[PDB]
$ cat structure13.pdb   # PDB, C-alpha atoms (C1' of nucleotides) and all ligand atoms
ATOM      1  CA  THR A   1      -2.552 -23.013  50.123
ATOM      2  CA  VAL A   2      -2.790 -26.773  50.701
ATOM      3  CA  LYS A   3      -0.884 -27.868  47.583
ATOM      4  CA  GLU A   4       1.808 -29.794  49.498
ATOM      5  CA  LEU A   5       1.074 -33.335  48.292
ATOM      6  CA  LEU A   6      -1.484 -32.471  45.582
ATOM      7  CA  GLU A   7       1.389 -31.523  43.219
ATOM      8  CA  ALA A   8       0.541 -34.342  40.804
ATOM      9  CA  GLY A   9       2.205 -33.731  37.445
ATOM     10  CA  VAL A  10       4.181 -30.556  38.211
ATOM     11  CA  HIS A  11       7.581 -32.173  38.771
ATOM     12  CA  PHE A  12       7.737 -33.305  35.126
ATOM     13  CA  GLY A  13      10.066 -31.002  33.201
ATOM     14  CA  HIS A  14      11.364 -30.935  29.648
ATOM     15  CA  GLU A  15      13.750 -33.452  28.072
ATOM     16  CA  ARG A  16      17.497 -33.762  28.663
ATOM     17  CA  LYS A  17      18.186 -31.230  25.897
ATOM     18  CA  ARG A  18      16.414 -27.869  25.447
ATOM     19  CA  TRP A  19      17.194 -27.005  29.084
ATOM     20  CA  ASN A  20      19.045 -24.173  30.814
ATOM     21  CA  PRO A  21      22.029 -24.869  33.113
ATOM     22  CA  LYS A  22      20.997 -22.029  35.447
ATOM     23  CA  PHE A  23      17.943 -24.139  36.368
ATOM     24  CA  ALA A  24      20.108 -26.997  37.689
ATOM     25  CA  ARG A  25      19.644 -25.791  41.276
ATOM     26  CA  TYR A  26      15.886 -26.449  41.022
ATOM     27  CA  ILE A  27      16.304 -29.960  39.544
ATOM     28  CA  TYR A  28      16.164 -33.123  41.652
ATOM     29  CA  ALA A  29      17.433 -35.759  39.201
ATOM     30  CA  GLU A  30      16.944 -37.175  35.690
ATOM     31  CA  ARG A  31      14.584 -40.135  35.220
ATOM     32  CA  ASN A  32      14.534 -41.690  31.730
ATOM     33  CA  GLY A  33      16.107 -38.675  30.056
ATOM     34  CA  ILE A  34      13.680 -36.152  31.575
ATOM     35  CA  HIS A  35      14.559 -33.457  34.102
ATOM     36  CA  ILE A  36      12.373 -33.666  37.216
ATOM     37  CA  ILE A  37      11.929 -30.598  39.411
ATOM     38  CA  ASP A  38      13.116 -30.667  43.014
ATOM     39  CA  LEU A  39       9.973 -31.049  45.115
ATOM     40  CA  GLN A  40      11.436 -29.299  48.170
ATOM     41  CA  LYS A  41      12.751 -26.160  46.457
ATOM     42  CA  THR A  42       9.399 -25.894  44.662
ATOM     43  CA  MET A  43       7.523 -25.142  47.885
ATOM     44  CA  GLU A  44      10.604 -23.326  49.212
ATOM     45  CA  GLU A  45      10.201 -20.721  46.464
ATOM     46  CA  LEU A  46       6.400 -20.989  46.588
ATOM     47  CA  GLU A  47       6.436 -19.642  50.149
ATOM     48  CA  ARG A  48       8.209 -16.426  49.148
ATOM     49  CA  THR A  49       6.345 -16.070  45.843
ATOM     50  CA  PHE A  50       2.860 -16.518  47.313
ATOM     51  CA  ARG A  51       3.827 -14.253  50.220
ATOM     52  CA  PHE A  52       4.763 -11.509  47.756
ATOM     53  CA  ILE A  53       1.493 -12.172  45.913
ATOM     54  CA  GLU A  54      -0.494 -11.825  49.147
ATOM     55  CA  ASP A  55       1.323  -8.613  50.090
ATOM     56  CA  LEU A  56       0.704  -7.104  46.653
ATOM     57  CA  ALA A  57      -2.933  -8.254  46.557
ATOM     58  CA  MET A  58      -3.985  -7.009  49.996
ATOM     59  CA  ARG A  59      -2.509  -3.622  49.001
ATOM     60  CA  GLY A  60      -4.784  -3.388  45.952
ATOM     61  CA  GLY A  61      -2.187  -3.941  43.244
ATOM     62  CA  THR A  62      -2.799  -5.114  39.691
ATOM     63  CA  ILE A  63      -1.104  -8.175  38.180
ATOM     64  CA  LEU A  64      -0.851  -8.836  34.436
ATOM     65  CA  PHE A  65      -1.249 -12.507  33.505
ATOM     66  CA  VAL A  66       0.577 -13.441  30.290
ATOM     67  CA  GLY A  67      -0.083 -16.757  28.569
ATOM     68  CA  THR A  68       0.320 -17.782  24.932
ATOM     69  CA  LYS A  69       1.652 -21.373  25.040
ATOM     70  CA  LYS A  70      -1.675 -22.688  23.577
ATOM     71  CA  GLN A  71      -1.873 -24.919  26.683
ATOM     72  CA  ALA A  72      -2.689 -22.112  29.149
ATOM     73  CA  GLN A  73      -4.788 -19.764  26.988
ATOM     74  CA  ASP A  74      -8.218 -21.043  28.051
ATOM     75  CA  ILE A  75      -6.986 -21.136  31.661
ATOM     76  CA  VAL A  76      -5.537 -17.613  31.828
ATOM     77  CA  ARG A  77      -8.562 -16.194  29.999
ATOM     78  CA  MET A  78     -10.749 -17.090  33.004
ATOM     79  CA  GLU A  79      -8.394 -17.147  36.004
ATOM     80  CA  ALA A  80      -7.830 -13.462  35.224
ATOM     81  CA  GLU A  81     -11.502 -13.027  34.280
ATOM     82  CA  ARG A  82     -11.855 -13.662  38.014
ATOM     83  CA  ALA A  83     -10.572 -10.888  40.339
ATOM     84  CA  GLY A  84      -9.950  -8.034  37.996
ATOM     85  CA  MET A  85      -6.286  -8.612  37.205
ATOM     86  CA  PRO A  86      -5.936  -8.070  33.414
ATOM     87  CA  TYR A  87      -4.434 -10.599  30.999
ATOM     88  CA  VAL A  88      -2.897 -11.050  27.550
ATOM     89  CA  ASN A  89      -4.080 -14.202  25.806
ATOM     90  CA  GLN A  90      -3.739 -14.429  22.015
ATOM     91  CA  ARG A  91      -0.250 -12.954  21.583
ATOM     92  CA  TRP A  92       1.953 -10.416  23.346
ATOM     93  CA  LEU A  93       2.178  -7.228  21.288
ATOM     94  CA  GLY A  94       5.581  -5.547  21.176
ATOM     95  CA  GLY A  95       5.489  -2.387  23.256
ATOM     96  CA  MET A  96       2.518  -3.175  25.506
ATOM     97  CA  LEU A  97       4.529  -1.806  28.461
ATOM     98  CA  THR A  98       7.311   0.455  27.161
ATOM     99  CA  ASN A  99       4.957   1.941  24.530
ATOM    100  CA  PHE A 100       1.941   1.605  26.834
ATOM    101  CA  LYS A 101       0.493   4.947  25.696
ATOM    102  CA  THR A 102      -0.007   3.860  22.074
ATOM    103  CA  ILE A 103      -1.650   0.591  23.113
ATOM    104  CA  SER A 104      -3.881   2.628  25.433
ATOM    105  CA  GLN A 105      -4.811   4.715  22.384
ATOM    106  CA  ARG A 106      -5.739   1.448  20.668
ATOM    107  CA  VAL A 107      -7.899   0.645  23.712
ATOM    108  CA  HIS A 108      -9.496   4.080  23.360
ATOM    109  CA  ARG A 109     -10.374   3.172  19.769
ATOM    110  CA  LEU A 110     -11.753  -0.155  21.029
ATOM    111  CA  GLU A 111     -14.164   1.471  23.475
ATOM    112  CA  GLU A 112     -14.919   4.141  20.851
ATOM    113  CA  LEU A 113     -16.101   1.467  18.417
ATOM    114  CA  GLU A 114     -18.001  -0.163  21.286
ATOM    115  CA  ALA A 115     -19.757   3.177  21.829
ATOM    116  CA  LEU A 116     -20.518   3.462  18.105
ATOM    117  CA  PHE A 117     -22.173   0.027  18.067
ATOM    118  CA  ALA A 118     -24.141   1.085  21.163
ATOM    119  CA  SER A 119     -25.377   4.316  19.515
ATOM    120  CA  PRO A 120     -27.868   4.436  16.612
ATOM    121  CA  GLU A 121     -24.993   5.572  14.366
ATOM    122  CA  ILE A 122     -24.564   2.001  13.078
ATOM    123  CA  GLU A 123     -26.829   2.482  10.049
ATOM    124  CA  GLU A 124     -25.397   5.760   8.734
ATOM    125  CA  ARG A 125     -22.204   5.599   6.661
ATOM    126  CA  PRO A 126     -23.435   2.428   4.969
ATOM    127  CA  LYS A 127     -22.514  -1.238   5.057
ATOM    128  CA  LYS A 128     -18.883  -0.795   3.955
ATOM    129  CA  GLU A 129     -18.002   0.799   7.292
ATOM    130  CA  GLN A 130     -20.484  -1.508   9.046
ATOM    131  CA  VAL A 131     -18.228  -4.412   8.004
ATOM    132  CA  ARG A 132     -14.840  -2.696   8.315
ATOM    133  CA  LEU A 133     -15.477  -1.455  11.858
ATOM    134  CA  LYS A 134     -17.104  -4.799  12.684
ATOM    135  CA  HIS A 135     -13.931  -6.711  11.798
ATOM    136  CA  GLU A 136     -11.817  -4.032  13.501
ATOM    137  CA  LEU A 137     -13.764  -4.358  16.760
ATOM    138  CA  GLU A 138     -13.581  -8.143  16.367
ATOM    139  CA  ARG A 139      -9.784  -8.186  16.229
ATOM    140  CA  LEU A 140      -9.547  -5.514  18.946
ATOM    141  CA  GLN A 141     -11.570  -7.722  21.291
ATOM    142  CA  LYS A 142      -9.497 -10.702  20.141
ATOM    143  CA  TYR A 143      -6.163  -9.102  21.093
ATOM    144  CA  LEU A 144      -7.086  -6.541  23.787
ATOM    145  CA  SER A 145      -9.546  -8.839  25.591
ATOM    146  CA  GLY A 146      -7.999  -8.597  29.051
ATOM    147  CA  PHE A 147      -5.515  -5.806  28.366
ATOM    148  CA  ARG A 148      -8.329  -3.221  28.271
ATOM    149  CA  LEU A 149      -8.525  -3.297  32.086
ATOM    150  CA  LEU A 150      -5.085  -1.695  32.568
ATOM    151  CA  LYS A 151      -5.595   2.018  33.174
ATOM    152  CA  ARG A 152      -1.920   2.429  34.117
ATOM    153  CA  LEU A 153       1.183   0.243  34.152
ATOM    154  CA  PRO A 154       0.766  -2.955  36.195
ATOM    155  CA  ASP A 155       2.434  -3.459  39.555
ATOM    156  CA  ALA A 156       3.534  -7.007  38.637
ATOM    157  CA  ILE A 157       3.268  -9.525  35.808
ATOM    158  CA  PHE A 158       2.587 -13.270  35.860
ATOM    159  CA  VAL A 159       4.051 -15.474  33.121
ATOM    160  CA  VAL A 160       3.314 -19.099  32.238
ATOM    161  CA  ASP A 161       6.423 -19.718  30.097
ATOM    162  CA  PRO A 162       9.148 -17.053  30.468
ATOM    163  CA  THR A 163      10.942 -18.532  27.444
ATOM    164  CA  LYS A 164       7.860 -18.265  25.221
ATOM    165  CA  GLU A 165       6.951 -14.859  26.722
ATOM    166  CA  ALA A 166      10.525 -13.538  26.886
ATOM    167  CA  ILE A 167       9.523 -10.200  25.328
ATOM    168  CA  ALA A 168       7.077  -9.417  28.140
ATOM    169  CA  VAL A 169       9.742 -10.401  30.675
ATOM    170  CA  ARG A 170      12.298  -8.078  29.064
ATOM    171  CA  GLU A 171       9.822  -5.188  28.964
ATOM    172  CA  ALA A 172       9.032  -5.755  32.643
ATOM    173  CA  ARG A 173      12.755  -5.673  33.447
ATOM    174  CA  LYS A 174      13.159  -2.387  31.560
ATOM    175  CA  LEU A 175      10.432  -0.730  33.659
ATOM    176  CA  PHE A 176      11.561  -2.276  36.988
ATOM    177  CA  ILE A 177       8.333  -4.307  37.157
ATOM    178  CA  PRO A 178       8.502  -7.452  39.333
ATOM    179  CA  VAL A 179       8.343 -10.652  37.281
ATOM    180  CA  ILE A 180       6.409 -13.622  38.675
ATOM    181  CA  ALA A 181       6.679 -16.653  36.419
ATOM    182  CA  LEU A 182       6.000 -20.386  36.340
ATOM    183  CA  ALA A 183       9.476 -21.382  35.181
ATOM    184  CA  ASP A 184      10.511 -24.720  33.695
ATOM    185  CA  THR A 185      13.877 -26.262  32.803
ATOM    186  CA  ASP A 186      13.966 -24.327  29.496
ATOM    187  CA  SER A 187      14.098 -20.868  31.114
ATOM    188  CA  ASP A 188      16.632 -18.549  32.732
ATOM    189  CA  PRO A 189      15.701 -18.158  36.431
ATOM    190  CA  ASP A 190      17.857 -15.045  36.918
ATOM    191  CA  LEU A 191      15.428 -12.859  34.957
ATOM    192  CA  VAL A 192      12.484 -14.013  37.109
ATOM    193  CA  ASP A 193      12.108 -12.081  40.362
ATOM    194  CA  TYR A 194       9.741 -14.611  41.998
ATOM    195  CA  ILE A 195      10.193 -18.093  40.535
ATOM    196  CA  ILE A 196       7.677 -20.935  40.548
ATOM    197  CA  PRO A 197       9.610 -24.040  39.409
ATOM    198  CA  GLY A 198       6.884 -26.131  37.810
ATOM    199  CA  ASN A 199       5.731 -27.504  34.448
ATOM    200  CA  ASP A 200       4.527 -25.292  31.597
ATOM    201  CA  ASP A 201       3.305 -27.966  29.147
ATOM    202  CA  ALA A 202       0.878 -29.945  31.316
ATOM    203  CA  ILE A 203      -2.602 -28.540  31.841
ATOM    204  CA  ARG A 204      -2.979 -29.712  35.443
ATOM    205  CA  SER A 205       0.165 -27.878  36.580
ATOM    206  CA  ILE A 206      -0.971 -24.567  35.079
ATOM    207  CA  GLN A 207      -4.532 -25.028  36.340
ATOM    208  CA  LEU A 208      -3.366 -25.876  39.866
ATOM    209  CA  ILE A 209      -0.846 -23.038  40.150
ATOM    210  CA  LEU A 210      -3.056 -20.338  38.628
ATOM    211  CA  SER A 211      -6.198 -21.463  40.474
ATOM    212  CA  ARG A 212      -4.436 -21.449  43.844
ATOM    213  CA  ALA A 213      -2.812 -18.106  42.978
ATOM    214  CA  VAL A 214      -6.101 -16.384  42.120
ATOM    215  CA  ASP A 215      -7.623 -17.976  45.229
ATOM    216  CA  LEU A 216      -4.812 -16.433  47.281
ATOM    217  CA  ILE A 217      -5.453 -13.101  45.540
ATOM    218  CA  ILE A 218      -9.150 -13.067  46.431
ATOM    219  CA  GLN A 219      -8.329 -14.342  49.931
ATOM    220  CA  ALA A 220      -6.015 -11.366  50.468
ATOM    221  CA  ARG A 221      -8.916  -9.009  49.657
ATOM    222  CA  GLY A 222     -11.477 -11.008  51.650
ATOM    223  CA  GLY A 223     -14.526 -12.806  50.308
ATOM    224  CA  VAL A 224     -13.205 -16.274  49.498
ATOM    225  CA  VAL A 225     -14.558 -17.261  46.088
ATOM    226  CA  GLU A 226     -15.794 -20.708  45.068
ATOM    227  CA  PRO A 227     -13.375 -23.078  43.294
ATOM    228  CA  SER A 228     -12.604 -21.845  39.802
ATOM    229  CA  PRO A 229     -14.599 -23.468  36.943
ATOM    230  CA  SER A 230     -11.398 -24.363  35.076
ATOM    231  CA  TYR A 231     -11.473 -28.087  35.902
ATOM    232  CA  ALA A 232     -13.930 -28.698  33.050
ATOM    233  CA  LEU A 233     -11.195 -27.373  30.735
ATOM    234  CA  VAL A 234      -9.306 -30.650  31.241
ATOM    235  CA  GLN A 235     -11.210 -32.027  28.219
TER     236      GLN A 235
ATOM    237  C1'   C B   1       4.730  23.117 -16.703
ATOM    238  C1'   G B   2       7.209  18.506 -18.942
ATOM    239  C1'   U B   3       9.464  14.123 -17.141
ATOM    240  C1'   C B   4      10.402   9.205 -14.617
ATOM    241  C1'   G B   5       4.846   8.005 -13.733
ATOM    242  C1'   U B   6      -1.585   6.225 -12.397
ATOM    243  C1'   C B   7       4.619   3.874 -11.657
ATOM    244  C1'   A B   8       3.352   1.416  -5.782
ATOM    245  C1'   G B   9       5.792   4.012  -3.584
ATOM    246  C1'   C B  10       8.022   7.962   0.052
ATOM    247  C1'   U B  11       8.090   8.931   5.121
ATOM    248  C1'   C B  12       6.779  10.221  10.249
ATOM    249  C1'   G B  13       5.352   9.418  15.790
ATOM    250  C1'   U B  14       6.307   6.159  20.000
ATOM    251  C1'   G B  15       8.557   1.519  21.291
ATOM    252  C1'   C B  16      12.442  -1.969  20.254
ATOM    253  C1'   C B  17      17.704  -3.509  18.067
ATOM    254  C1'   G B  18      22.817  -1.375  16.932
ATOM    255  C1'   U B  19      28.836   2.299  19.718
ATOM    256  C1'   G B  20      27.254   4.458  15.222
ATOM    257  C1'   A B  21      25.545   5.475   9.747
ATOM    258  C1'   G B  22      21.059   2.944  10.268
ATOM    259  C1'   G B  23      17.438  -1.136  11.019
ATOM    260  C1'   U B  24      12.585  -2.736  12.603
ATOM    261  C1'   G B  25       7.591  -1.110  11.061
ATOM    262  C1'   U B  26       7.566  -0.995   4.931
ATOM    263  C1'   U B  27      10.382  -7.859   5.548
ATOM    264  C1'   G B  28       7.366 -12.638   5.203
ATOM    265  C1'   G B  29       3.009 -16.231   3.244
ATOM    266  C1'   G B  30      -1.838 -15.652   0.545
ATOM    267  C1'   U B  31      -4.276 -11.730  -2.658
ATOM    268  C1'   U B  32      -5.172  -7.416  -5.675
ATOM    269  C1'   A B  33      -5.112  -2.710 -10.829
ATOM    270  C1'   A B  34      -2.445  -0.925  -6.170
ATOM    271  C1'   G B  35       2.141  -0.378   0.665
ATOM    272  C1'   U B  36      -5.499  -3.522  -2.061
ATOM    273  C1'   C B  37      -6.898  -6.557   1.670
ATOM    274  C1'   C B  38      -6.053 -11.120   4.739
ATOM    275  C1'   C B  39      -2.742 -14.053   7.995
ATOM    276  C1'   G B  40       1.818 -13.968  10.502
ATOM    277  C1'   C B  41       5.398 -10.866  13.077
ATOM    278  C1'   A B  42       9.054  -6.202  18.405
ATOM    279  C1'   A B  43       6.323  -3.868  16.820
ATOM    280  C1'   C B  44       1.667  -0.389  17.628
ATOM    281  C1'   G B  45      -0.244   3.486  14.863
ATOM    282  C1'   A B  46      -0.195   7.734  11.542
ATOM    283  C1'   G B  47       0.779  11.130   7.234
ATOM    284  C1'   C B  48       1.648  12.247   1.947
ATOM    285  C1'   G B  49       0.072   8.401  -2.061
ATOM    286  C1'   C B  50      -3.758   4.024  -3.655
ATOM    287  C1'   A B  51      -8.839   3.850  -3.632
ATOM    288  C1'   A B  52     -13.299   6.591  -2.387
ATOM    289  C1'   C B  53     -16.090  11.361  -2.256
ATOM    290  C1'   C B  54     -16.576  14.965  -8.326
ATOM    291  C1'   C B  55     -17.906  14.737 -13.762
ATOM    292  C1'   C B  56     -19.472  11.988 -18.376
ATOM    293  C1'   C B  57     -21.660   7.446 -20.652
ATOM    294  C1'   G B  58     -24.831   2.890 -19.458
ATOM    295  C1'   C B  59     -31.140   0.958 -16.675
ATOM    296  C1'   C B  60     -35.312   2.952 -14.025
ATOM    297  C1'   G B  61     -38.247   6.471 -11.243
ATOM    298  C1'   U B  62     -40.082  11.555  -9.389
ATOM    299  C1'   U B  63     -40.902  16.545 -10.809
ATOM    300  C1'   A B  64     -42.073  19.909 -15.706
ATOM    301  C1'   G B  65     -44.147  20.343 -21.218
ATOM    302  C1'   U B  66     -43.228  26.624 -27.175
ATOM    303  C1'   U B  67     -39.187  19.310 -27.762
ATOM    304  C1'   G B  68     -41.771  15.206 -29.037
ATOM    305  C1'   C B  69     -46.482  11.229 -30.938
ATOM    306  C1'   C B  70     -53.565   9.339 -36.060
ATOM    307  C1'   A B  71     -49.071   6.514 -29.212
ATOM    308  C1'   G B  72     -55.452   8.801 -29.258
ATOM    309  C1'   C B  73     -59.434  10.910 -31.790
ATOM    310  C1'   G B  74     -61.328  15.224 -35.065
ATOM    311  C1'   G B  75     -59.970  18.702 -38.940
ATOM    312  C1'   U B  76     -56.054  18.471 -42.847
ATOM    313  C1'   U B  77     -53.776  23.261 -48.277
ATOM    314  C1'   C B  78     -52.399  15.639 -45.292
ATOM    315  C1'   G B  79     -46.177  19.549 -43.681
ATOM    316  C1'   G B  80     -47.044  17.594 -35.630
TER     317        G B  80
HETATM  318  K     K A 301      28.009  -6.239  19.057
HETATM  319  K     K A 302       3.780  -9.294   1.136
HETATM  320 MG    MG A 303      -2.830   3.068 -10.175
HETATM  321 MG    MG A 304      11.454   4.928  14.443
HETATM  322 MG    MG A 305      26.246  -4.248  13.976
HETATM  323 MG    MG A 306      20.577   2.666  21.216
HETATM  324 MG    MG A 307      13.056   5.090  10.463
HETATM  325 MG    MG A 308      12.603   0.980   6.016
HETATM  326 MG    MG A 309      13.276  -4.694   5.032
HETATM  327 MG    MG A 310      -2.786   1.563   3.070
HETATM  328 MG    MG A 311       3.698  -6.400   9.816
HETATM  329 MG    MG A 312     -37.986  27.713 -26.613
HETATM  330 MG    MG A 313     -40.644  22.364 -24.344
END

$ encode --input "structure13.pdb" --output "structure tokens" --more "lines below"
Ligand SMILES: [K+]
Ligand SMILES: [K+]
Ligand SMILES: [Mg+2]
Ligand SMILES: [Mg+2]
Ligand SMILES: [Mg+2]
Ligand SMILES: [Mg+2]
Ligand SMILES: [Mg+2]
Ligand SMILES: [Mg+2]
Ligand SMILES: [Mg+2]
Ligand SMILES: [Mg+2]
Ligand SMILES: [Mg+2]
Ligand SMILES: [Mg+2]
Ligand SMILES: [Mg+2]
Amino acid sequence: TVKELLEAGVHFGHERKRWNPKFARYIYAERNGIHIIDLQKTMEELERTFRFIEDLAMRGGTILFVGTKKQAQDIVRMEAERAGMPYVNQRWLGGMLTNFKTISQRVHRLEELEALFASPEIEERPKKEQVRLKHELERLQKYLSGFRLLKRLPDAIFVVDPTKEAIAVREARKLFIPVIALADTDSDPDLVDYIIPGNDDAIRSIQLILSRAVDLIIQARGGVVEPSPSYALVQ
RNA sequence: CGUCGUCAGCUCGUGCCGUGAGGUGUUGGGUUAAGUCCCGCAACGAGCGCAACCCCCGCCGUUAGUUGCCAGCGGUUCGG
């Protein structure tokens, strides 16, 4: 909530090419063939976006964090492992929202296999199944790590790169789900309901935005939490 | 019942794409006897198949000696 001047490394966008003309309104200028985000409109949209986030959080809503860009995976896996908003980390499976019932059946199988490895039934039906179900539970935890927390459809989704996660965005549009996204110059802002015009490649931009967002979430429900332990992920 | 053919296939449910017939999944890369498995993927699963569970042949044990052996000894018309 104090990120006015601390926006160090967020204004850097993509190159001159690989952009989207619809993003031109959120661009300040072009320095050395690189689009730089308008610093004013950034906070201008941040006001409305964070206000919507606070309203949805203090009402008890659930937000789905989607990140697959390989530069926000380790960040999303813990910023959502904070206040219980679920997340999708390894890859976004087609139909997670429109076919939510089948993926929930997969989650049922996940917790079923978790119950089997908690019961003494591990030794019966010998080692063949003890390896098959082991690998099955492994990949289920690999893909449904954060998704298992969704009992129903989410009330909003959070995206790190709406161009890389365009399928999740489209599915959210189909179900009238609000779309919060950290957009860059390579994305279409019309599809995003609450835009955050920042950088999606840098680690500090993602860490800053997501850390402050989860801090706002926990602040809306009281009990301000300590600073997130995602700084050590700078590496 | 024969046949393609023990050939590796044929489909469904939901989602997604297309005005629609349909497509996706079932394509792809690695692998296998195999749609076998792995990785990737707008797909996620499932059914009939594949394989497995059945039988026979291979090694060993337990249980049991009207089949077997001077393995072990005695008798022997010396033929367990
Ligand atoms: K067309
Ligand atoms: K193949
Ligand atoms: Mg065969
Ligand atoms: Mg279909
Ligand atoms: Mg056509
Ligand atoms: Mg249609
Ligand atoms: Mg079909
Ligand atoms: Mg087909
Ligand atoms: Mg095909
Ligand atoms: Mg199969
Ligand atoms: Mg596939
Ligand atoms: Mg007899
Ligand atoms: Mg006998």

$ residues_around --input "structure13.pdb" --residues "range 109-124 of chain A" --least-positions-apart "3" --cutoff "10 Å" --atoms "all atoms listed in the file" --output "list in words"
residues 103, 104, 105, 106, 127, 129, 130, 133, 134, 136, 137, 138, 139, 140, 141, 144 and 148 of chain A

$ residues_near_ligand --input "structure13.pdb" --ligand "ligand MG 310 (chain A)" --cutoff "10 Å" --atoms "all atoms listed in the file" --output "JSON, numbers by chain"
{"B": [34, 35, 36, 37, 49, 50, 51]}

$ resolve_selection --input "structure13.pdb" --expression "the PyMOL selection byres (((not hetatm)) within 10 of (chain A and resi 306))" --output "PyMOL selection string"
chain B and resi 16-20

$ residues_near_ligand --input "structure13.pdb" --ligand "ligand K 302 (chain A)" --cutoff "12 Å" --atoms "only C-alpha atoms (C1' of nucleotides) and all ligand atoms" --output "PyMOL selection string"
chain B and resi 26-32+35-40

$ residues_near_ligand --input "structure13.pdb" --ligand "ligand MG 311 (chain A)" --cutoff "8 Å" --atoms "all atoms listed in the file" --output "list in words"
residues 25, 40, 41 and 43 of chain B

$ residues_near_point --input "structure13.pdb" --point "(-3.6, -5.5, 42.7)" --cutoff "8 Å" --atoms "all atoms listed in the file" --output "list in words"
residues 56, 57, 58, 59, 60, 61, 62, 63, 85 and 155 of chain A

$ resolve_selection --input "structure13.pdb" --expression "the PyMOL selection byres ((chain B) within 7 of (chain A and not hetatm))" --output "VMD selection string"
chain B and resid 14 to 15 42 to 44

$ write_last_selection --input "structure13.pdb" --atoms "C-alpha atoms (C1' of nucleotides)" --output "PDB file, keeping the file's coordinate frame"
ATOM      1  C1'   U B  14       6.307   6.159  20.000  1.00  0.00           C
ATOM      2  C1'   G B  15       8.557   1.519  21.291  1.00  0.00           C
ATOM      3  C1'   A B  42       9.054  -6.202  18.405  1.00  0.00           C
ATOM      4  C1'   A B  43       6.323  -3.868  16.820  1.00  0.00           C
ATOM      5  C1'   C B  44       1.667  -0.389  17.628  1.00  0.00           C
TER       6        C B  44
END

$ closest_residue --input "structure13.pdb" --among "B:21, B:1, B:33, B:12" --to "ligand MG 303 (chain A)" --atoms "all atoms listed in the file"
B:33

$ atom_distance --input "structure13.pdb" --atom1 "CA of residue 47 in chain A" --atom2 "CA of residue 180 in chain A"
13.0 Å

$ residues_around --input "structure13.pdb" --residues "residue 185 in chain A" --least-positions-apart "4" --cutoff "9 Å" --atoms "only C-alpha atoms (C1' of nucleotides)" --output "ChimeraX atom specification"
/A:13-15,18-24,26-27,35-37,197-199

$ atom_distance --input "structure13.pdb" --atom1 "CA of residue 31 in chain A" --atom2 "CA of residue 206 in chain A"
22.0 Å

$ closest_residue --input "structure13.pdb" --among "B:57, B:48, B:71, B:10" --to "ligand MG 308 (chain A)" --atoms "all atoms listed in the file"
B:10

$ residues_around --input "structure13.pdb" --residues "residue 235 in chain A" --least-positions-apart "2" --cutoff "12 Å" --atoms "all atoms listed in the file" --output "MDAnalysis selection string"
chainID A and resid 71 74 203:204 230:233

$ atom_distance --input "structure13.pdb" --atom1 "CA of residue 161 in chain A" --atom2 "CA of residue 8 in chain A"
19.1 Å

$ resolve_selection --input "structure13.pdb" --expression "the PyMOL selection byres (((chain A and resi 16) around 6) and not hetatm)" --output "ChimeraX atom specification"
/A:15,17,33-34

$ closest_residue --input "structure13.pdb" --among "B:66, B:78, B:9, B:72" --to "ligand MG 313 (chain A)" --atoms "all atoms listed in the file"
B:66

$ build_atoms --input "structure13.pdb" --residues "range 19-26 of chain A" --atoms "N, CA, C and O atoms" --output "short mmCIF file (atom, residue, chain, number, x, y, z; two decimals), in the coordinates of the input"
data_model
loop_
_atom_site.label_atom_id
_atom_site.label_comp_id
_atom_site.auth_asym_id
_atom_site.auth_seq_id
_atom_site.Cartn_x
_atom_site.Cartn_y
_atom_site.Cartn_z
N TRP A 19 17.24 -27.48 27.71
CA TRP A 19 17.19 -27.00 29.08
C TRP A 19 18.07 -25.77 29.24
O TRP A 19 18.64 -25.25 28.27
N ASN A 20 18.18 -25.29 30.47
CA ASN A 20 19.05 -24.17 30.81
C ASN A 20 19.87 -24.57 32.03
O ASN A 20 19.31 -25.00 33.05
N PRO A 21 21.20 -24.47 31.96
CA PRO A 21 22.03 -24.87 33.11
C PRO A 21 21.72 -24.09 34.38
O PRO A 21 21.84 -24.65 35.48
N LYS A 22 21.30 -22.83 34.27
CA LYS A 22 21.00 -22.03 35.45
C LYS A 22 19.84 -22.61 36.26
O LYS A 22 19.68 -22.24 37.43
N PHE A 23 19.05 -23.50 35.67
CA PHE A 23 17.94 -24.14 36.37
C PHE A 23 18.38 -25.37 37.15
O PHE A 23 17.55 -25.96 37.85
N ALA A 24 19.65 -25.75 37.07
CA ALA A 24 20.11 -27.00 37.69
C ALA A 24 19.87 -27.01 39.19
O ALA A 24 19.70 -28.08 39.78
N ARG A 25 19.86 -25.84 39.83
CA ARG A 25 19.64 -25.79 41.28
C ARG A 25 18.24 -26.24 41.65
O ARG A 25 18.03 -26.74 42.77
N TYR A 26 17.27 -26.09 40.75
CA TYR A 26 15.89 -26.45 41.02
C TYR A 26 15.52 -27.82 40.46
O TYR A 26 14.34 -28.13 40.32
#
